[PDB]
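Novice: A structural model of the following input is requested.
(7 chains)
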Amino acid sequence: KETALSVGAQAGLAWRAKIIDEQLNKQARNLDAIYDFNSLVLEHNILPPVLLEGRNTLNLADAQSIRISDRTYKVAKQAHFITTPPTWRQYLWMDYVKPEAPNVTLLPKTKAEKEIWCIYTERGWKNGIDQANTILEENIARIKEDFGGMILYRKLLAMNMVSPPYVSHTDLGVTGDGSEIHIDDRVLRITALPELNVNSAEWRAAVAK
Amino acid sequence: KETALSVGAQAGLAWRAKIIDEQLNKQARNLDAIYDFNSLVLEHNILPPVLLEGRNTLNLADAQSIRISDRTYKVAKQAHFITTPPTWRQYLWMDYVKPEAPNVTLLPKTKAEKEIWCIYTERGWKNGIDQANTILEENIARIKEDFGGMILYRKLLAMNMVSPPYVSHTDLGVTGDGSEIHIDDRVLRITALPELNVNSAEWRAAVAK
Amino acid sequence: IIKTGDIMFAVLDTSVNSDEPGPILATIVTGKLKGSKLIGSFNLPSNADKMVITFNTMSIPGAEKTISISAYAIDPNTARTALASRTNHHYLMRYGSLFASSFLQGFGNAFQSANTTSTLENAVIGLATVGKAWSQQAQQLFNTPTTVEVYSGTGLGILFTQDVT
Amino acid sequence: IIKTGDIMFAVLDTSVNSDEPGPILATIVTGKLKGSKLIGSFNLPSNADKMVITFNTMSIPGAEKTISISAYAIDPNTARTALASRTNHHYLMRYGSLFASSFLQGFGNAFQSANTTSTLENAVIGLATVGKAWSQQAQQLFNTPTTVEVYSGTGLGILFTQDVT
Amino acid sequence: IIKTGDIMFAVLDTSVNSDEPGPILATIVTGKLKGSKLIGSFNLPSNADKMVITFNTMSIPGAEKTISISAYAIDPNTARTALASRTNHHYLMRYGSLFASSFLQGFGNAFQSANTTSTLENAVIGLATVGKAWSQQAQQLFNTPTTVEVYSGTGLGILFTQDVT
Amino acid sequence: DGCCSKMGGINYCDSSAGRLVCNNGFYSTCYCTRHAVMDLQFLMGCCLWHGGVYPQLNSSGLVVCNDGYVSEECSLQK
Amino acid sequence: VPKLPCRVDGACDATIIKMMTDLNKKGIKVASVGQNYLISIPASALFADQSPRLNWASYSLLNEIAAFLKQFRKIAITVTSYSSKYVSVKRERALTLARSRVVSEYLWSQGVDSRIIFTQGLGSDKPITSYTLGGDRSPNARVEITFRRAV
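Specialist: Numbering: from 1, shown residues only, chains lettered A, B, ... in the order given. Below you will find the coordinate block:
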């Protein structure tokens, strides 16, 4: 019984994962079209940091303790260097290995056993499908929030409320010994990481039309 | 089963090796025509050293740490004397044996047994073939890199980027005791091992037409 | 960790008759432990109403380890302790041998006795004289039991007895 | 390192009867072990329904070391322990000797008995007197079992029992 | 340095019957050990299905050293342990002696018994009275086994038992 | 199974492109060597775009990629 | 083999030769020299009298053309339009440009497995035959599709 449940769940999860992966490959170009990254990438191959916010904050610490705030802002991950821009491949893809080891303890023998085996296979199919949907939803939420954090950082920096990253470069001429030579040494490093500022004076707002 | 696979692999490797060596012997003269170390051997029977050049170098240590350079040059093997110049023999030719001792008391008796024996022999055959191909590819890569290093050393010596090996000889007249006598002793010494220069000002460029 | 008194499954791939003890190997097919091997031995019961296997030397793959959990077997899809084999291997052979020896004895002696009230005498000769030695030999060798033989392509279920780590 | 209770192939090249135990050698021909030899002896069960080899003295080439992993033999691709040889060696000879001796005794005595109701007398003589000594000698020697004899041109399958290093 | 249980060839030059144990010698002609000889003895089996030679005391020239590696012999080019000789030496003699003594007993006694229903009487005399002593002596000596004997002009194969240097 | 069908037949396999060449001067659609421009869009296995499959055989049925990210989908459940 | 496709998808040299022969029978000029491939079609078979419009039957022929083109692997496809001298230079050039744009757009709507498509027309500036008595029926007016084999 429960063995049939488990094998049906396995088969359903694998099948649903395969179907969703193939449909995702079917709809490919618009995906990266939306989730471009190089455009957001800065001018020194620097991944901009991730910023999160919250509105109408309220914390009741305990009886006789209440604290409120208009909004709050937090930095998830500090910016860092990057060689190649990321992509949705490592965010939305789910694995798939076809299970091909059918072996169950209590093989159905009576008619009741056979029908309960069938219905358990069915419900396992359903459970696997919904669980796969849950996994997809979690992944898409994660990548969406990361993208939104990147966009938020860029536009807040445009709003001039955060420190832009500071990059230093140093140059050295030919380097090496009489057996090893480098033409032009060039050291690129980051000195001042982006961060928030609290001086209210430097706050410039915007007005649309 | 696995015995048939392994013996088929061995037989295929041996056969492919014999075929390729036979073809290499069949087309021979052009090889030594292309590869003439003797034409490159310097005036004092010194094998010129080998150089390696890399372009557009960049490596990252971590965030805020990347080192970049235009070109780099590395000395592979220091120059040394040699009686006779090398050939393509020590690079391209590969060993040949013929394994003709199948310890097979497990003759395939059933028809399906014979069929599976045959198919495993076939896959072993092709496995040996591709193994031999890979071996040849590695060997030809090795000889190519050696030849290119020597040519690049000649180029740089022309360009005045390296140092020609400074040599000297010391002569002694009649030598020996009253029982053993040598006529004209001569000892050969090298002082300046060929090494790269660092004073870039001395570099003289070249423009073709 | 194995709970005390649960059920695992393995496949028997080698066959042997219940005549001489030896090492017998099976392989766990699924569950937490995959591809594990298990060598042990059998026992010979008083009667051939069943046959069971003692499996103690169980080796798990992955690492250089060999635990010694001891457990027995149950009949797959039967939930019983019997063995699938034949049990009438040498019943009728010894039965007929003994009966024929006795019949020889009787034929010779009775047809010698009934003479008062040459080929027939020769039949009496052969039967009456060769029946007795065959009868005693058959009574001597009648005690050999019928053996059983496990199969090399039948799975089995194994219930655990103790825990491991 | 060898798995606890796995399968290996081996080649048996020398033949011998199951009459006098002694040194017997086989050769492992596949697997990680290459060219290794294995010496041991055999055992004689009560019944000739099977035959197995005890093999412990393992000598592996390359280095001069002598491990003592103990294992037995099974028929390759058969997954059974039986030995391909003869098992009906010594039934008919003793059966016929005993039965002929008995028939002789019976013929002599019965044809002597039928006198009341020269060549016939001489037949009585020979049968009645040469039957008895042959009968007692046959009863003496009737106890030799049927032997088995392995051959010099069949391989073997070896399942391991203990680990090595 | 010699492998554990490897193969070697030797030349046998002397023979003996399986009747009296005594010193025997053979010559190893090939292998690393050249010009070496090997002395030992033999064994007497209960069954005449084989015959083997015990060879331990190894005399190797080069140095006056005497290693005692123990080894036996096998049938050349046969890979079997049996001896190439005869085994039917003394079956027929004892069979005939016993049966003739019995026939004498029977002839005398039966031809005396059938007297009611002088040369024939003399025949009865001789057979009846000389059969018994002959029969008892023949039964006394009937336990003689049939011997085996090697030949002094056949090579032999030797399998190693322990390593030497 | 014929590749150079409706032609004079194949000629040979060129490894520079991993491609077959028929009797007529045409590059056959069939490939011969793995070292050729293929068309891969779907892949099997698990721990894709991660540290791969961790080598150790764990007692638990859960498998975690070498980057620390776990793959419950590759794992089994209860 | 069950993992790596042995040949490219939907490949059949028999079909390739068959439909090439069919196009030659129908009269479409097919040239395959080296790795450069050209297909030329008279303008009368597709467009009306100096008219950048498509009769319904022409869509079937374009379907066949696209089906043939599906087989290969390509990168760039060039389409050129040539016409006859009718009134001016600009009029002919514009007509050729419009026809090329239309055919290119429909081809792209079809699953043309390429990367870049260039389209242009040159009116009657590149004649192919001195004889020019006919109007649009003359072979000088034409459309050409050219490309190179992509390995």
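
Novice: in three-state terms, label residue 16 for me.
Specialist: Defaulting to chain A. Classification of residue A:16 using DSSP: H, G, I helix; E, B strand; the rest coil returns helix.

Novice: ok, it touching residue A:128?
Specialist: Yes. Using Cβ atoms under 8 Å, residue A:16 is in contact with residue A:128, at 5.8 Å. C-beta here means a position set from N, CA and C on the backbone, and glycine is covered the same way.

Novice: what's downstream of the lengthiest helix in chain G, the next helix or strand?
Specialist: Ordering each helix of chain G by length in residues (DSSP state H) puts helix G:90-109 first. The C-terminal neighbour of helix G:90-109 among helices and strands, as given by DSSP states H and E, is strand G:116-121.

Novice: and the helix or strand following that following strand, is it in reach of chain F?
Specialist: Downstream of strand G:116-121, the next assigned helix or strand under DSSP H and E is strand G:142-148. No. Residues of strand G:142-148 are not located near chain F by Cβ under 8 Å from any Cβ of the partner chain, the shortest gap being 12.5 Å.

Novice: for strand G:142-148, which strands pair with it and how are they oriented?
Specialist: strand G:36-42 (antiparallel), strand G:76-82 (antiparallel) (DSSP bridges).

Novice: what's in contact with that strand?
Specialist: Residues external to strand G:142-148 that are found in contact with it (Cβ atoms under 8 Å, 6 or more residues apart in numbering or on different chains): G:35-43, G:46, G:74-82, G:99-100, G:103, G:114, G:128.

Novice: mind listing what's buried in stretch G:78-98?
Specialist: Across stretch G:78-98, burial judged by 16 or more other Cβ atoms under 10 Å in any protein chain shown covers G:78-85, G:92-93, G:95-98.

Novice: tell me where chain C has strands.
Specialist: C:7-12, C:16-17, C:24-28, C:37-42, C:53-59, C:72-74, C:149-150, C:155-159 (DSSP state E).

Novice: parallel or antiparallel, which strands does the second one pair with?
Specialist: When you say that, I think you mean strand C:16-17. Partners of strand C:16-17 in the sheet, by DSSP bridges, are strand C:149-150 (antiparallel).

Novice: hang on, the earlier thing: pull out the buried members of the contacts of strand G:142-148.
Specialist: Buried members of these, scored by 16+ other Cβ under 10 Å, are G:37, G:39-43, G:46, G:74, G:77-82, G:99-100, G:103, G:114.

Novice: nearest to chain E: which residue in chain F?
Specialist: Nearest residue of chain F to chain E: residue F:57, at 36.0 Å (Cβ to the nearest Cβ).

Novice: hmm, that residue is touching residue C:61, no?
Specialist: Yes. The pair residue F:57 / residue C:61 is scored as a contact, 6.7 Å apart, by Cβ under 8 Å.

Novice: residue numbers of chain C in contact with chain A?
Specialist: C:7, C:9, C:29-30, C:77, C:157.

Novice: does residue A:119 sit in a helix, a strand or a coil?
Specialist: Following three-state DSSP, residue A:119 is assigned to helix.

Novice: quick one: buried residues of stretch F:7-15?
Specialist: So stretch F:7-15, judged by 16+ other Cβ under 10 Å, has buried residues F:7, F:10-11, F:13.

Novice: that one vs chain G: in contact?
Specialist: Yes. Stretch F:7-15 lies within reach of chain G by Cβ under 8 Å from any Cβ, at residue F:7.

Novice: nearest residue to the middle of chain A?
Specialist: Nearest to the mean C-alpha position of chain A, by Cα atoms, centre = their mean, lies residue A:143 at 3.4 Å.

Novice: in what helix or strand does the closest residue in space to it that isn't next to it in sequence lie?
Specialist: Nearest residue to residue A:143, sequence neighbours excluded (Cβ to Cβ, 6 or more residues apart in numbering or on different chains): residue A:91, at 3.9 Å. Residue A:91 is part of helix A:89-92, with elements assigned from DSSP H and E.

Novice: then that helix to PDB, C-alphas only?
Specialist: In PDB, the C-alpha atoms belonging to helix A:89-92 read as follows (Å, rounded to 0.1, in the frame of the first residue of the first chain):
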ATOM      1  CA  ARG A  89      19.700  28.200 -16.000                       C
ATOM      2  CA  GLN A  90      21.000  27.900 -12.400                       C
ATOM      3  CA  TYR A  91      17.700  29.300 -11.000                       C
ATOM      4  CA  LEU A  92      14.700  27.700 -12.700                       C
END
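
Novice: contacts for that helix?
Specialist: By Cβ under 8 Å, 6+ apart, helix A:89-92 touches A:24, A:31, A:136, A:139-140, A:142-143, A:146, F:49-50.

Novice: which residues of chain C fall in helices?
Specialist: Using DSSP H, helices in chain C cover C:92-113, C:119-141.

Novice: and the angle for the shortest one with helix D:92-113?
Specialist: In terms of direction (axes from the mean of the first three to the mean of the last three Cα atoms, to 10 degrees), helix C:92-113 departs from helix D:92-113 by 10 degrees.

Novice: which bits of chain F sit near chain G?
Specialist: So chain F meets chain G at F:3-7, F:17, F:19, F:22, F:26-31, F:34, F:37-39 (Cβ under 8 Å from any Cβ).

Novice: could you rerun that using 10 Å?
Specialist: F:1-7, F:16-20, F:22, F:24-32, F:34, F:36-40, F:44 (Cβ under 10 Å from any Cβ of the partner chain).

Novice: identify the farthest-apart pair in the buried residues of stretch G:78-98.
Specialist: Pairwise distances across the buried residues of stretch G:78-98 (Cβ to Cβ) peak at 23.4 Å, for the pair G:78 and G:85.

Novice: ok, and for stretch G:7-25, which residues are buried?
Specialist: Judged by neighbour count (16+ other Cβ under 10 Å), stretch G:7-25 contains these buried residues: G:8, G:11, G:13, G:16, G:19, G:23.

Novice: which one of those residues is nearest chain B?
Specialist: residue G:8 (22.4 Å).

Novice: contact partners for that closest one?
Specialist: Going by Cβ atoms under 10 Å, 6 or more residues apart in numbering or on different chains, residue G:8 touches F:28-31, F:37-39, G:71-73.

Novice: apply 7 Å and report the result again.
Specialist: Shown in contact with residue G:8 (Cβ atoms under 7 Å, 6 or more residues apart in numbering or on different chains): F:29, G:73.

Novice: what about residue A:49, neighbour count?
Specialist: Here the number of neighbours of residue A:49 (other Cβ atoms under 10 Å in any protein chain shown) works out to 20.

Novice: from residue F:30, how far out is the residue in chain G positioned nearest to chain E?
Specialist: For chain G and chain E, the shortest gap (Cβ to the nearest Cβ) falls at residue G:1, measuring 46.5 Å. Per Cβ to Cβ, to the nearest Å, residue G:1 is found 12 Å from residue F:30.

Novice: looking at these two, which has the bigger crowd around it?
Specialist: Counted by other Cβ under 10 Å, residue G:1 and residue F:30 do not tie: residue F:30 has more neighbours, with 21 against 5.
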